[PDB]
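1. here are the coordinates; sequence isn't available:
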């Protein structure tokens, strides 16, 4: 379970789940 870096792509949280360091928003990984 490794988190994605900022600007990374995360597939549909509903289907694949959300995975990001921070938050997965609009299939993007955002931290702040």
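-> Alright, I've got the coordinates. Numbering: from 1, shown residues only.

2. Now residue 30: phi and psi?
-> Torsion angles at residue 30 (phi, psi; degrees, to the nearest 10) stand at phi -130, psi 140.

3. wait, doesn't residue 18 sit right on residue 10?
-> Yes: counting by Cβ atoms under 8 Å, residue 10 is a contact partner of residue 18 at 6.2 Å. Where you see a C-beta, it was placed from the backbone N, CA and C, and this is true even at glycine.

4. and for these two, which residues touch both?
-> Listed as contacting both residue 18 and residue 10 by Cβ atoms under 8 Å, 6 or more residues apart in numbering are residue 24.

5. Comparing those two, which shows the higher neighbour count?
-> Neighbour count, other Cβ atoms under 10 Å: between residue 18 and residue 10, residue 10 has more, with 20 against 15.

6. Residue 20: neighbour count?
-> Counted by other Cβ under 10 Å, the residues lying close to residue 20 total 20.

7. Same question for residue 32.
-> Neighbours around residue 32, by other Cβ under 10 Å: 5.

8. ok, now residue 27?
-> Neighbour count for residue 27, taken as other Cβ under 10 Å: 14.

9. again, but for residue 17
-> For residue 17, the count of nearby residues is 10 (other Cβ under 10 Å).

10. which residues touch it?
-> Residues near residue 17 by Cβ under 8 Å, 6+ apart: none.

11. if I look at it, how far off is residue 29?
-> 13 Å (Cβ to Cβ, to the nearest Å).

12. What of residue 8?
-> Taking Cβ to Cβ as the measure, residue 8 falls 4 Å from residue 29.

13. Same drill for the two, tell me which one is more crowded.
-> Set side by side, residue 8 and residue 29 show more neighbours around residue 29, with 21 against 16, by other Cβ under 10 Å.

14. How much space separates residue 32 from residue 16?
-> For residue 32, the distance to residue 16 equals 23 Å [Cβ to Cβ].

15. All set now, cheers.
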